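J.: I'd like to ask some things about the structure below.
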Amino acid sequence: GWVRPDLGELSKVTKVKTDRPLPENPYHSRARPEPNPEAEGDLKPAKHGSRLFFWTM
Amino acid sequence: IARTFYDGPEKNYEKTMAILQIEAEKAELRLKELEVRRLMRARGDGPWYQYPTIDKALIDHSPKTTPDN
Ligand SMILES: CCCCCCCCCCCCCCCCC[C@@H](O)O[C@H](CO[C@H](O)CCCCCCCCCCCCCCC)COP(=O)(O)OCC[N+](C)(C)C
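Residue numbers (UniProt numbering), protein chains in the order written: chain A, 193 to 249; chain X, 121 to 189.
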């Protein structure tokens, strides 16, 4: 009672039921370094301007 | 002559005080900025001197015709 598969049936993406737990770190990755924290707060004008040599603005 | 062309000494005195305060603050800020620049360029942990790295969004996380990538 065997039926030959039709054209395009063996190439389907199927689903499988398994009791094997999904691995959590299959790449054996290290802990990622922490990023530079952030930019926060409101922007205020530069204190005393550019402060470049004699310029007061 | 004093009444017509000149002010009292207090005006020049206190204007000098204000000018000195501004200039001293500017000098301190310049020294602080130089120190911050040195530290930021040495460590690379601040907003400045951030050099580009590869974007992680370019990686394809798909099965690769081989189980071991
Ligand atoms: C009376 C005889 C005995 C005494 C003689 C004394 C001689 C004094 C006269 C000579 C003039 C002195 C030189 C002027 C330098 C002053 C310039 C400046 O520093 O003064 C300004 C004052 O401005 C004045 O207008 C100065 C005008 C002087 C200009 C001289 C012009 C003379 C030209 C000659 C023309 C004659 C006829 C020409 C025919 C063709 C200050 O402005 P201001 O922001 O308020 O300052 C605030 C101070 N306060 C609060 C006290 C007011």
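Backbone N, C-alpha and C define an ideal beta-carbon position, used for all residues, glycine too.
(1) What does residue 239/A reach in chain X if we use C-beta pairs closer than 9 Å?
(2) In chain X, what lies closer than 7 Å to residue 243/A by C-beta?
(3) At 3 residues or longer, what runs of the beta strand (DSSP E) sit wholly inside the stretch 127 to 183 of chain X?
(4) Between the stretch 156 to 171 of chain X and chain A, which residues of the former have a C-beta closer than 9 Å to a C-beta of the latter?
(5) Which of helix, strand or coil does DSSP assign to residue 123/X?
(6) Below 7 Å on C-beta distance, what does residue 231/A contact in chain X?
(7) Answer with yes or no whether the minimum CB distance from residue 217/A to chain X is below 7 Å.
T.: The short version:
(1) 145, 146 and 149
(2) 146, 149 and 150
(3) none
(4) 164, 165, 166, 167 and 170
(5) helix
(6) 167
(7) no
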